[PDB]
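Chemist: kindly generate the corresponding structure for this input.
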Amino acid sequence: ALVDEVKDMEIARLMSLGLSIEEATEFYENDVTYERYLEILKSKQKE
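Modeler: Numbering: from 1, shown residues only. What follows is the structure:
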């Protein structure tokens, strides 16, 4: 899907894990889509 609503839903997924706003959106898309970045971020951020 290519609607702006996809971007916004995947961004709302960022808020559920705990992230920024506009930088969080760019990060989400540059890391992947959702579940793949969650796995990489859980590797990162110790303590």
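Chemist: now do the contacts for the nearest residue to residue 13 once chain neighbours are set aside.
Modeler: Distances taken as Cβ to Cβ, 6 or more residues apart in numbering put residue 34 closest to residue 13, at 4.9 Å, once the chain neighbours are dropped. C-beta coordinates here come from the backbone N, C-alpha and C atoms, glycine included. Each residue near residue 34 by Cβ atoms under 8 Å, 6 or more residues apart in numbering is listed here: 10, 13, 28.
Chemist: tell me the most packed of those, by neighbour count.
Modeler: Using other Cβ atoms under 10 Å as the neighbour criterion, residue 28 leads the contacts of residue 34 with 20 neighbours.
Chemist: show me which positions of the host helix or strand of it end up buried.
Modeler: Counting by DSSP states H and E, the element that carries residue 28 is helix 22-31. For helix 22-31, burial by neighbour count (16 or more other Cβ atoms under 10 Å) applies to 24, 25, 28.
Chemist: who's in contact with the first one?
Modeler: Residue 24 makes contacts with 11, 14, 15, as judged by Cβ under 8 Å, 6+ apart.
Chemist: and it, how close does it get to residue 45?
Modeler: 14 Å (Cβ to Cβ, to the nearest Å).
Chemist: then the last one?
Modeler: Per Cβ to Cβ, residue 28 is found 16 Å from residue 45.
Chemist: please identify the helix or strand for residue 20.
Modeler: With DSSP H and E as criterion, residue 20 is part of no helix or strand.
Chemist: now do it: how many residues are near it, please.
Modeler: 12.
Chemist: grab the nearest non-local neighbour of it.
Modeler: Counting by Cβ to Cβ, 6+ apart, residue 27 is the residue found nearest to residue 20 once chain neighbours are left out, at 7.4 Å.
Chemist: what sits against the one you found?
Modeler: Here residue 27 is in contact with 14, 19, 20, 37 (Cβ under 8 Å, 6+ apart).
Chemist: give me the buried subset of those residues.
Modeler: Neighbour counting with 16+ other Cβ under 10 Å marks 14, 19, 37 as buried within those.
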